[PDB]
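To begin, one chain is listed below as structure tokens, in the form deposited without this ligand.
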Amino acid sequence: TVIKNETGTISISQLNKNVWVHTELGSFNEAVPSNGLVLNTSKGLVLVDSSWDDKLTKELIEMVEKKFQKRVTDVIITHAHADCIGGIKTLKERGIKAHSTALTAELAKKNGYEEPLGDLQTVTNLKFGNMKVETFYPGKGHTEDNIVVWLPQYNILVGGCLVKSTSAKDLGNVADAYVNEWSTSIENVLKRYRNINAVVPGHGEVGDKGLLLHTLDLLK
């Protein structure tokens, strides 16, 4: 089940019961899709990452709140990049709690973005209604602050930008990346979660554990 906006720049696809994937196309150098999650809980909507900017983020929020007729209460920022923290301003003005590690908050500030909470520790478990969410900082990789999100009830891993999609042959922006450490961080994810079912890459189609292996291959 996929749902879009008249424009086709924002779409949400059902992964499981209360887990949907939101994807927005940014307009640069042209369309680059970015993934996030929408968690439909008994106490509101929880998102994993916002969008490229405030306009897209606001549109995304308006779309899901209308679809599920609920308030987006929290958002987990996986790292300080436009495709993830781009709509932080929209979040703060709507009373949406922007969770992040202290490091992500520090880098967000350094990059001219409003500051997220900086509340997430290396391992943080959050439960919204009956929806369980675990955030984990595996170490430096795509960026210094990148974290992954794990949904234990579904064994779904949001690898975010630390994980490349099956068709990706490029690592993307590595100016802020720690290429040599990237591999170790992915192994920490692989060692921590040994029963991964679905894996959501930062960009591209949902896959499985093979995406992490594919990324390690690109890094060799």
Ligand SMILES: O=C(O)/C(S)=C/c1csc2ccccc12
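Sequential numbering from 1, following the sequence displayed.
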Worksheet entry | Residues of the deposited sequence that sit between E30 and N29 yet are not modelled | 1 to 3
Item to complete: Could you check which stretch, 142-150 or 111-119, carries the larger mean CA temperature factor in the entry?
Response: 111-119
Worksheet item: On average, which has the higher Cα B-factor in the deposited entry, 30-38 or 173-181?
Response: 30-38
Item to complete: State the tercile, meaning the lowest, middle or highest third, of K89 with respect to the CA B-factors recorded for its chain.
Response: highest
Worksheet item: Sorting the chain's CA B-factors, does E106 end up in the lowest, middle or highest third?
Response: highest
Worksheet item: What third of its chain's C-alpha B-factors does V199 belong to: lowest, middle or highest?
Response: lowest
Fill in: Ranked against its chain, the third holding the CA B-factor of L56
highest
Practice prompt. Within this chain's modelled residues, let me know which third the CA B factor of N125 belongs to: lowest, middle or highest.
Written response: middle
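What follows is about the form solved in complex with this ligand, which we do not show.
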Fill in: Close approach of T184 to this ligand in the deposited bound form, 4.5 Å, heavy atom
no
Worksheet item: Might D176 be said to contact this ligand in the deposited bound form, defining contact as any heavy atom within 4.5 Å?
Response: yes
Worksheet item: Even though this ligand is not shown here, does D145 get within 4.5 Å of it in the deposited bound form, heavy atoms only?
Response: no
Worksheet item: Might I156 be said to contact this ligand in the deposited bound form, defining contact as any heavy atom within 4.5 Å?
Response: no
Discussion item. Between this ligand and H79, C161 and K164, in the deposited bound form, does every residue show a non-hydrogen atom at 4.5 Å or closer?
Written reply: yes
Discussion item. Please identify, from 119-127, 79-87, 93-101, 133-141, the stretch that has a heavy atom within 4.5 Å of this ligand in the deposited bound form.
Written reply: 79-87
Worksheet item: Heavy atom within 4.5 Å of this ligand in the deposited bound form: which residues of 195-211 qualify?
Response: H203
